Each structure stands twice: as C-alpha cells, then as structure tokens.
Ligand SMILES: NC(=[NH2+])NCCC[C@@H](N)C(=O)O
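Only one chain is included here, represented as structure tokens and corresponding to the form deposited without the named molecule.
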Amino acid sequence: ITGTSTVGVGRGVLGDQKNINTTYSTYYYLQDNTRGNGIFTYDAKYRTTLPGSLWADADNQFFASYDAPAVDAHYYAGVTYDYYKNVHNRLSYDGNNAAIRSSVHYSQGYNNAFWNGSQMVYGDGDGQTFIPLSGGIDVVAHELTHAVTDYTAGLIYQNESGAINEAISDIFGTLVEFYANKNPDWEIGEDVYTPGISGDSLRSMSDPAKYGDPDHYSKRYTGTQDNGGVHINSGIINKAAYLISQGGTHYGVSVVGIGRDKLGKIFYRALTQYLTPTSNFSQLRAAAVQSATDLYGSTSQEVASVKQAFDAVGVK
C-alpha cells in the first residue's frame, strides 16, 4: 500500500521485544519499505486462503499474543534479506528485489511452514509439537531459501535433488541464525519445537542421527515417504556441510574445518552457478569442489576439506 515508512515495536513468539518496519496509511501495516521492493506480512486468520489480509494495526504497537507470529515472520524475513544482500550480494530471492510475502496464523494447529511457490506460510503449531513456527529464525530463513533455490538451481523436490534442496534450506537457515548471532547452533527448529521438551530439535546438522536421520550415504532412505526422504536424506548433506565448516572425524575420516563464511560462499556458488534441477549427491560434490576451486584455488585447503567432508559421508 501507499503510505509513509514508520517504525513499530512489539514482542515476538519467545517474548522478546523488537522494532519492526511498518507503513502508515490510516492503519499501520506490516510493510517494510526499507528492503528491496518491500517485505509484506499477512494474517491468514486460521484459514487456508492465501495470502489473507495485509496485517493492519491501529497503533503501531504489536504486543498482543496474536501479534507475535507476525512480528517474527516480518522481522526475520528482514534479517534473511540482509544476510543474502550483505553476504552474497543477492537482492531478494529472485536477485531483482522481488517483494517478500509471508502469511501467519495459517490453518489450525498447523505443525509446519512452507514456501507455496509465491510466498512463505507459517502455521501456529498445536502447542505440543510446535509453537508458532515463525519464532525460529532458522525456520524463516529455511523457508525463504526455498524461494532462492527455486529461482536458481531449481532442485526438483523429490529423491536426491529434493534432499539437496532441503539441506540448502537447513544450511542457509543455520548461516542466517549465526548471522543474527542469538543463541546460534547447528540444530534446526529448536526455538519453536516441542515447548515441553528442552534441549531437542527437529533436525541436527552436527549429528543427524540424534533425530533418526542418516549421516552417511550407506544409510540413505529410498522409499517413497516424504517425497523420497527429502527431510531425511538431507542429513547426509547437512553433515557434510557441518564438517566442512567445523571439522571433525566421522567414520574414521578426518575433515579440517574452514569456517562458516567459507562454507556459505562455496554452497552459494554451487547453488547459483552449478546445480541444476536434477542434481544428485555426487553432482553436488562436484559442484562444491568446483565452487571451492573457483574461490580458493585447486591446491587450497578449502578444496581439500570439501573432498574430505563428502568422503566422510560416503558421497563420491
């Protein structure tokens, strides 16, 4: 909507206060004009019609319980935009400052979040498996990263290409979480998963097996559930990414860590210059090796570490 840029204040899902960029025209809307062609947050009102209504507020104060998921979807979309722009010189998900749209309060008891081809969508959870999912910065960044993938490599959402798609969202979700630097970790979804259980998470990149996911290609799932295991087999790639960044010895194979920034540069280049809709795990290894070669040189530690990490997870 046409209006003047304003700054509201509110509380997120976890009870933390933050400022949000809004737009004033009669009401204050969750419309951030400071980033690209805008970040827009919508109320789905417990229904499944999308996007719903652009979020309108009378006073620019967002402290109601009902406001909290909207505050976080809006704010964390901003952080994710900033990460891609500042770290990778990418302007929004399409590289041309496309408007970023999110809807919250999707459906009832809805234990998921997704990119629907056009926008991000967040359930509130059922209060047992999840609280409102936009409360996780890694979750928000995971979702926006699906849009980046769809505009770039275009990894088909099934089997190995789909597991790579998933891992790319977990990797950049995590890198955005570290960028914001509030309780960062290599776990996925810990801030909004199982409020009655401390210390767990939906997935782990550092040890995928903790939550039942494979950490070696020999343990891959090849059944039909979950689009051929896209959220399961992602553990193999998540583990490789974790090892590239942090190092470790895994099934006897030692990897020298090169740090998060270099992990991000290598995987961003692979995603945008080498991966294709049908890439499999072996092709991802080749893309990552080539990306590291471009960035750091064929004889570099970085290239050697990429090879060690994929060896460690059984991907040749």
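One-based numbering along the sequence shown.
Set 212-220 against 136-144 and average the Cα temperature factors; 212-220 ends up higher. The deposited model assigns a higher average Cα B-factor to 199-207 than to the other stretch when 199-207 and 82-90 are compared. The residue among 256, 56, 271, 50 whose C-alpha carries the highest B-factor in the deposited model is 256. Of the candidates 164, 180, 171, 100, the one whose C-alpha carries the top B factor in the deposited record is 180. Ranked by C-alpha B-factor against the other modelled residues of its chain, residue 252 falls in the highest third. Annotation for residue 45: C-alpha temperature factor in the lowest third relative to the rest of the modelled chain, per the entry. Among all modelled residues in this chain, the alpha-carbon of residue 194 has a temperature factor (C-alpha) in the highest third. Ranked within its chain, residue 72 lands in the lowest third, by CA B factor from the PDB record. Compared with the other modelled residues of the chain, the Cα B-factor recorded for residue 124 ranks in the lowest third.
There is another form of the same protein, the form solved in complex with the named molecule; it is not shown, and what comes next is about it.
In the modelled overlay, the named molecule taken from its pose in the bound PDB entry makes no contact closer than 2.4 Å with any backbone or C-beta atom of this form, which marks the pocket as open. Mapping the unseen interface onto this chain, residue 75 falls outside it, with no heavy atom inside 4.5 Å of the named molecule in the bound PDB entry. Residues of 131-155 placing a heavy atom within 4.5 Å of the named molecule in the bound PDB entry: none.
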